[PDB]
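What follows is a set of notes on a single structure, which appears directly below.
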Amino acid sequence: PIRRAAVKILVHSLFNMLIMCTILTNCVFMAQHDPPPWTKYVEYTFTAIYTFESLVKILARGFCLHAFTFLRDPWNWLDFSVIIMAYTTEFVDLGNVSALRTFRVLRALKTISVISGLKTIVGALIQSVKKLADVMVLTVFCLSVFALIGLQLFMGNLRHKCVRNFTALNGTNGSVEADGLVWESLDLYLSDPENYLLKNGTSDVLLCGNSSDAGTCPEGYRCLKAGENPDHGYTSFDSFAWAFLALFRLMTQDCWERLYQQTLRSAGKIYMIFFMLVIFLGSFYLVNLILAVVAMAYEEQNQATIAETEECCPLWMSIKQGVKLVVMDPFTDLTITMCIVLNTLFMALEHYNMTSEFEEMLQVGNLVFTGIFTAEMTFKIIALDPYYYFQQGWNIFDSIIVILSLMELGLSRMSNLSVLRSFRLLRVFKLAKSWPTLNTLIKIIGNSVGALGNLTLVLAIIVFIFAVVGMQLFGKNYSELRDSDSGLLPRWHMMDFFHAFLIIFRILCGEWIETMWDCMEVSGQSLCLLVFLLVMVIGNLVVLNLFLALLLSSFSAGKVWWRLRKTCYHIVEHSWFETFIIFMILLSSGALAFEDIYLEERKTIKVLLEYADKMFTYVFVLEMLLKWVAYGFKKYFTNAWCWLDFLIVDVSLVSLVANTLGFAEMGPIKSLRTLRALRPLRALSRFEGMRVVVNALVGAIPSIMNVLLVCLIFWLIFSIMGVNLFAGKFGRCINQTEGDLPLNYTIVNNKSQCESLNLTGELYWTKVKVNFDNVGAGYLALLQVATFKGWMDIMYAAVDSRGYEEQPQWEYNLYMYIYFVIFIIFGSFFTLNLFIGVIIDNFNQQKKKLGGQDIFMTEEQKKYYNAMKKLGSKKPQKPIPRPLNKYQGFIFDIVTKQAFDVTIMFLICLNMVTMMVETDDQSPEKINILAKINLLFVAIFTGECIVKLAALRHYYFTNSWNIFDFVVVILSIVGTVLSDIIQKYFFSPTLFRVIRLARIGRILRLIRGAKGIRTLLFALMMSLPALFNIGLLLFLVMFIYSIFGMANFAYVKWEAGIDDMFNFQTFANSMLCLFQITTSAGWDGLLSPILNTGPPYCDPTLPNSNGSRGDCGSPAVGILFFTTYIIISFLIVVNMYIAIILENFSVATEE
Ligand SMILES: *[C@@H]1O[C@H](CO)[C@@H](O)[C@H](O)[C@H]1NC(C)=O
Ligand SMILES: *[C@@H]1O[C@H](CO)[C@@H](O)[C@H](O)[C@H]1NC(C)=O
Ligand SMILES: *[C@@H]1O[C@H](CO)[C@@H](O)[C@H](O)[C@H]1NC(C)=O
Ligand SMILES: *[C@@H]1O[C@H](CO)[C@@H](O)[C@H](O)[C@H]1NC(C)=O
Ligand SMILES: *[C@@H]1O[C@H](CO)[C@@H](O)[C@H](O)[C@H]1NC(C)=O
Ligand SMILES: *[C@@H]1O[C@H](CO)[C@@H](O)[C@H](O)[C@H]1NC(C)=O
Ligand SMILES: *[C@@H]1O[C@H](CO)[C@@H](O)[C@H](O)[C@H]1NC(C)=O
Ligand SMILES: *[C@@H]1O[C@H](CO)[C@@H](O)[C@H](O)[C@H]1NC(C)=O
Ligand SMILES: *[C@@H]1O[C@H](CO)[C@@H](O)[C@H](O)[C@H]1NC(C)=O
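PDB author numbering puts the sequence shown at residues 119 to 429, 699 to 944, 1188 to 1781.
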């Protein structure tokens, strides 16, 4: 029949064009929170077109029995469901919930089939996800184990609050309280939130945990355990569910410093061992294992697809010749490059408040630059005909630049400042021609948009789908439940699809938990948890896959003198001398830890440390002179290690040469004893682990320098744009009575008003600490944004910026968010892609150039590693033990069977489940049942253990896992015995809990049988030595930076990041903050109090003891400290990633 015409229309291209344009118009119509009534037209035309599509598709391969025809492709089910639902909801509404139209978002997924590239992109995505099977089960296993640990240790330790004092008052039958007023029913006093302490500055409730070191409930306040919870209730370790959630937050490192400062403040400073165990083993190892497995699967499928694809004339011509001769002179190219560079450095010289005529000089300079560029344009277009002069793909770009600049300058008599400059800004891209690194960067961007422009489109589709799902679900909830009595909505809601898109973007960045709480408290926990976990998982997976894709794609494509010399070298030969020196260096480094603010008042160890300093300098200068006398000058001064030692000895000498000789003690002389923090640097040349690691690091300096240059110029473009936009728009007013926020611009908008109403000393026009006012500060804001630490304030200050030097408005520039979206997606993401790519390339070719391949490992560690790799052999021989005599034969008849082990492995999972059921203040009746079932479990375990023992007499001690079972049985028996025996000792939440924790050995007894997890744990057992050397170096860096902070950053004003328990006032308080900052967490809050200066925000001339006239550090050294620490920590964790990936590839591919 006419089926021929239907199948003819099916294979058309106009068909796909119609499908695409209609789907896109729909997606434009689905993203509306409130569509006007005239959609019957719209939605009816849409459902008609979709039914027409499906009709054409079924008239081609149907009429009956469609099993080997249409409906055999799974993407047909989607269209079938869409056309079902589109007609379903037009006659029946019994299920009136209005949450069925949010199934319309499934037809926006049909785009993925009518493009033919996204289909195979998603095929690859699913093929990769199919490989994460083992990683997810290992992740949940370790997360649950650590969650049980945190459950035991911090059960109820998150509820402590500094409550007021009270007296029973003995005036009522029930417990009543007297506190100035009268309460009743003690729980009613405690649950009242008026008997709490708001933490300084913030609006939390001060936690205080009764212990020796953690927290300090103040004078008129008892530190008891009573209250709901912090963060509206979603934080405690009380139940296992909340514990699992908090430890997942820890694993994704999402706002984990807050959990850190809330747990250590109430449980114990010594508990940061738990946090440094989780941040290392869970977070940093599991994230890198995910990266490594996804990269391995991607590269494997890429290898597979590559393997498969394997199979008027006189003067005109005279001037033309002269010009073509002169213009192509490479010296003219050099001077044009210098002109471009000078122009970019001229645009940088713009800042917040330029003096008069400085802007005029800048305009004149850029006009001169325009003249130079148009002269080049004409004197090069004189060369040849546009037949060839308009080719090579570079001249067209230059011509577009010149015409844009010419047009924008001709448009001078108009209003344009923001994008006017951007028409001049893109000249920077010119110098990408003769640069072997900007070529690579633009090769990456082009591969992103041109070749691998399908996976980014998949990402955009997914972001749109999730944003509109979130809108449809959670739109109206925010509206009346959130805004204010004043009526202003939160900063992150889902009532626009722009804020919904922003929230999905922020979840992609990693900050998914604050919005999750804001949403859970209005729209129920179930849906709000499912959505925000699906977005997190899927979006981060696809982002990671895009990262690896682009990375790999752009990557793989008299005569007694000579006796005395040897005599004084004979002692340097003796190892005892070097051991003595190592010990003296350890002492001289440790002696720095005691330089804290309690040293002036100790008054006894002070002079001991003075004399120890003198003796250290003496024994070091003597040792250097002896190295000279025994090494001449050539070998010494060419070693480049003892050059560092000589450098240190220089300042150690100058120290005592200045003080006791010249009595100076003034100016930059004390700045030399703040530089003795470098004494631990002598440890680098002696501990072979750190020597090897620093060799590997300094090896990859050049490539790092080139990429630093290119990223610096790219961030320079972004920072000049930021200065053009935001220079002078961050200045807010603050009424200092109760003020950290603007003053409702309708009252005080301009700075003229802000300084024309100072009848009281209250109005302070205080700019944001980090802002865009010159290219110097722009780089700091760019670091904070691209690191996702402190960017909320930068955004909230730019988005609100309604003009130059005037008070902000709540959302007057709502769309300025798009600048930060563009920055985060280009600068941060692509910069980091290029960065990790060049680093892995350098490390890989450095290892390949060597012999013994692996780096970060000393020869002793290499031998230990070559011995360890033989433990997990391909096949350990079968024991097949002697069966037994009569008695033990009848015994072992049953135990050696292959179902007994599975039975035990399920009983032990039942034991895990009965461990999960714990809860704070569970029940007196229930603790009994739980202890009884626990002793029942240990009884069964002892029974199976003794049966297995009676099975084999000597052949029991060979499995190396059976021994582990026996050990856990013994420790469990001892724990059950000691359970109640104590009855006579001191407070034992620090003893009974740690004798109770030993029962998690049974939980760890699971992995005997899960090969997909035995291998993934061998991948860390076999990799521990390199992690250890890297950890030594990291601890050395922590030590040096903590001493620098203790010298400089003590006596700072206590505010946002620096409280009375995390500050640079002693060695422990400083090592805690530096461990927190190592993961780049909350360093924006640590740096904020340091950038203070004279009043307000501080007050100089304070009488603090050692360094007087303080109360607020200086920005210049603080920014340097924190930025260089961030870079160094980043490099070292990159090294960790490389080690993990290398070892995973060495263990997995070997089998
Ligand atoms: C009971 O109340 C009386 C009031 O006269 C008071 O003196 C006494 O200390 C109270 N005792 C207790 C145990 O509260
Ligand atoms: C407890 O309540 C009863 C009931 O009114 C009251 O008579 C009694 O006085 C109360 N107890 C005390 C100690 O006042
Ligand atoms: C409040 O009670 C605590 C409990 O030890 C005590 O240390 C503190 O001195 C009391 N405060 C006042 C003002 O009495
Ligand atoms: C704090 O310690 C005191 C003394 O042992 C005790 O009375 C109080 O209940 C404790 N509070 C908490 C929350 O541990
Ligand atoms: C500042 O705030 C205080 C109290 O909040 C108020 O009394 C005072 O008038 C305010 N002054 C200015 C200049 O905002
Ligand atoms: C500032 O005050 C005006 C009243 O004149 C009010 O309409 C506005 O909402 C206030 N600003 C904010 C941010 O609420
Ligand atoms: C600032 O705005 C106020 C009114 O909002 C106006 O009177 C004043 O002239 C403005 N000053 C400047 C410098 O813009
Ligand atoms: C406002 O006036 C007071 C009174 O002298 C002054 O201390 C304060 O610095 C002024 N604030 C600004 C931003 O000028
Ligand atoms: C909180 O601020 C008050 C202000 O008087 C101060 O006395 C106290 O020491 C501060 N405590 C902390 C922990 O910052």
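Here a beta-carbon is modelled for each residue, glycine too, at the ideal position from N, C-alpha and C.
Query, Result
"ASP1690 - DSSP class collapsed to helix/strand/coil", "coil"
"Residue 604 Cβ short of 6 Å to ligand 5 heavy atom set", "Since the numbering of the chain jumps from 429 to 699, residue 604 cannot be located in this structure."
"Secondary structure of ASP322, DSSP reduced to three states", "coil"
"Outcome for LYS707 when other beta-carbon atoms lying within 10 angstroms are tallied against a minimum of 16", "exposed"
"Near ligand 3: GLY338 beta-carbon under 6 Å from a heavy atom", "yes"
"Local Cβ density within 10 Å of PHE1344, reported as buried at 16 or more and exposed below that", "buried"
"DSSP three-state assignment for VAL806, whether helix, strand or coil", "coil"
"Secondary structure of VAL1259, DSSP reduced to three states", "helix"
"Endpoints, alpha helix (DSSP H) assigned at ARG340", "Where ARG340 is concerned, there is no enclosing alpha helix (DSSP H), although the beta strand (DSSP E) it sits in stretches over 340-343."
"Through-space distance from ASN214 to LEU1636, alpha-carbon basis", "48 Å"
"Any non-hydrogen atom of ligand 1 closer than 6 Å to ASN291 Cβ", "no"
"Cβ contact (3+ pairs, closer than 8 Å) linking the stretch 228-235 and the stretch 325-343", "no"
"Burial state of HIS880, where buried means 16 or more other Cβ atoms lie within 10 Å", "buried"
"Backbone CA spacing between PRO1310 and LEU1238 [nearest angstrom]", "20 Å"
"According to DSSP, residues forming a beta bridge with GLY1361", "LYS1397"
"Close Cβ partners of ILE1768 (< 8 Å) along its chain, the five nearest in sequence each way excluded", "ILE1469, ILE1470 and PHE1473"
"Residue from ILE1563, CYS896, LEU1514 and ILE890 whose Cα sits closest to the Cα of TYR1586", "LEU1514"
"Nearest neighbour of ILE1350, chosen from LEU1664, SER792 and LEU804 [CA to CA]", "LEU804"
"Residues of its chain near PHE264, where Cβ-Cβ distance is below 7 Å and the 5 sequence neighbours each way are ignored", "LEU365, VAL396 and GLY400"
"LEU1389, DSSP secondary structure in three states", "coil"
"DSSP three-state assignment for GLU1436, whether helix, strand or coil", "strand"
"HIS886, DSSP secondary structure in three states", "helix"
"Whole-angstrom C-beta distance between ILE1485 and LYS1477, which should lie under 8 Å", "6 Å"
"From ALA847, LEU828 and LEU1277, residue whose alpha carbon lies closest to that of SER941", "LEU828"
"For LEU1565 and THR1606, believed in contact at Cβ under 8 Å, the rounded distance", "6 Å"
"At least three beta-carbon pairs within less than 8 Å, the stretch 773-783 to the stretch 1319-1329", "no"
"Closer than 6 Å: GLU1368 CB and nearest ligand 5 heavy atom", "yes"
"Distance cut-off 6 Å: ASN283 Cβ against heavy atoms of ligand 1", "no"
"Proximity test, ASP1690 beta-carbon vs ligand 9 heavy atom, cut-off 6 Å", "yes"
"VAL1598 beta carbon less than 7 Å from that of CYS1575", "no"
"Proximity test, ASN1374 beta-carbon vs ligand 6 heavy atom, cut-off 6 Å", "yes"
"Of the listed residues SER1618, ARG1629 and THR1526, nearest to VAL1604 (C-alpha basis)", "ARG1629"
"CB contact flag (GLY292, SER303, <7 Å)", "yes"
"Option in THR334, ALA332, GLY333 and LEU325 with minimal Cα separation from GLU346", "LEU325"
"Ligand 9 heavy atom lying under 6 Å from the CB of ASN318", "yes"
"Assigned exposure category for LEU368 - 16 Cβ within 10 Å defines buried", "buried"
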